[PDB]
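Right, one structure below, let's go through it.
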Amino acid sequence: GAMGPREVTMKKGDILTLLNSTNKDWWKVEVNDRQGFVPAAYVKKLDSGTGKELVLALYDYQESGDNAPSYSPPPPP
Numbered sequence: 030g031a032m033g034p035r036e037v038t039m040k041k042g043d044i045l046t047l048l049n050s051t052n053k054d055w056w057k058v059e060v061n062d063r064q065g066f067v068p069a070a071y072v073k074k075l076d077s078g079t080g081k082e083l084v085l086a087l088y089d090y091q092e093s094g095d096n097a098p099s100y101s102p103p104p105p106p
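The C-terminal position of the sequence shown is numbered 106 in the numbering used here, with every residue numbered one higher than the one before it.
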């Protein structure tokens with residue numbers, strides 16, 4: 030199953046609002062209607078020009094219920 034009603038999953042090649050990136054080992058990102066803490070290693074700030082806050086998903090991730098990064102980020106592919 031999936032913890033929490035709102036689960037954020039980053040898809041390789043998907044854009045996710047650069048949510049509170051305060052964390053260094055984890056960059057918060059939203060997904061349409063589901064947000065959560067994710068490993069910055071799976072994402073990376075892009076370049077547009079306007080000045081928005083977006084981050085492409087380099088790798089695939091899965092978050093079950095907005096949870097704080099109390100542990101280290103998972104190993105990428």
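Yeah, the Cβ is synthetic: ideal placement off N, Cα and C, and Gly gets one too.
- When the five nearest sequence neighbours on each side are left out, no beta carbon in the same chain lies closer than 7 Å to the beta carbon of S99.
- In this structure, DSSP gives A70 a helical state, which the three-state scheme calls helix.
- Taking a 10 Å sphere around the C-beta of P68, we find 16 or more other C-beta atoms and assign the residue as buried.
- DSSP places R35 outside both helix and strand once states are collapsed to three, so it counts as coil.
- Judged by beta-carbon spacing, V37 lies within the 7 Å limit of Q64, meaning their Cβ atoms are closer than that value.
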